[PDB]
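Just so you know, structure 1 and structure 2 below are the same protein chain in two forms, each on its own as structure tokens.
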Structure 1
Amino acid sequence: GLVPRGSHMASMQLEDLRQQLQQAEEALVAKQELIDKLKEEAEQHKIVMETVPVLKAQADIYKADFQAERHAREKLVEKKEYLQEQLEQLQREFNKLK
């Protein structure tokens, strides 16, 4: 997207050049300020992309740690229901054998 070579009706051989050479010159500046902003962005993007393997981790750790807890927690739950049952026995004998 710029002015095509000799958009001109009348003869402007030298200017045509000088002028086009100038737009092309400052279009190189423009494109450059774009490479600057793109790389400098690509930069703050890499700092973000690095937190990924981290959160990927944090997730995996906690998923595992949870399964481990629940497996234990179920197990306790059983023991608790068991020991609860057994008291109901002993008290239930202190009314009989009081």
Structure 2
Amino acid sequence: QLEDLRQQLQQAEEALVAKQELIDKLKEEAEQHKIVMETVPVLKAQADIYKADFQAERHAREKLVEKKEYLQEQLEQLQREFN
């Protein structure tokens, strides 16, 4: 009865230790994961800037194709009026 308890106590002591080492390992993982997660806002803002640069570029390019067409028609209509 008594040496059973003593040996149960000893297992509980080793289990305390093995749980605390798991906790310590989980804590140091959260540390390195915090670094990785702190890159995220920057990567988000990067994606945002390229998106904005791409959308402004596309829009400026579609405008310019329409202006080119427009100038070409004016060059031709100004010729007709020339003659």
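Rigid core (definition): largest C-alpha set, two forms, superposition within 1.5 Å. Residue indices: 1-based, along structure 1. Residues that one form lacks are left out of the comparison.
Novice: Which of these, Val29, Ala68, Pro53, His45, is at the hinge when you compare the rigid parts of the chain between structure 1 and structure 2?
Specialist: At the hinge: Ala68.
Novice: When C-alpha atoms are superposed, by how many degrees is the smaller rigid part rotated relative to the larger between structure 1 and structure 2?
Specialist: About the larger part, the smaller one turns by 23 degrees.
Novice: Could you tell me how many Å the Cα atom of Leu87 shifts between structure 1 and structure 2 when the rigid core is held superposed?
Specialist: Residue shift at the C-alpha: 10.0 Å.
Novice: Superpose the two forms on the rigid core and tell me the Cα shift of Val77 between structure 1 and structure 2 in angstrom.
Specialist: So the C-alpha of this residue moves 5.6 Å.
Novice: Okay, core lined up, where does the chain shift between structure 1 and structure 2, counting runs of 3 or more residues with each Cα at least 2 Å away?
Specialist: Residues 66 to 95 form the sole shifted run.
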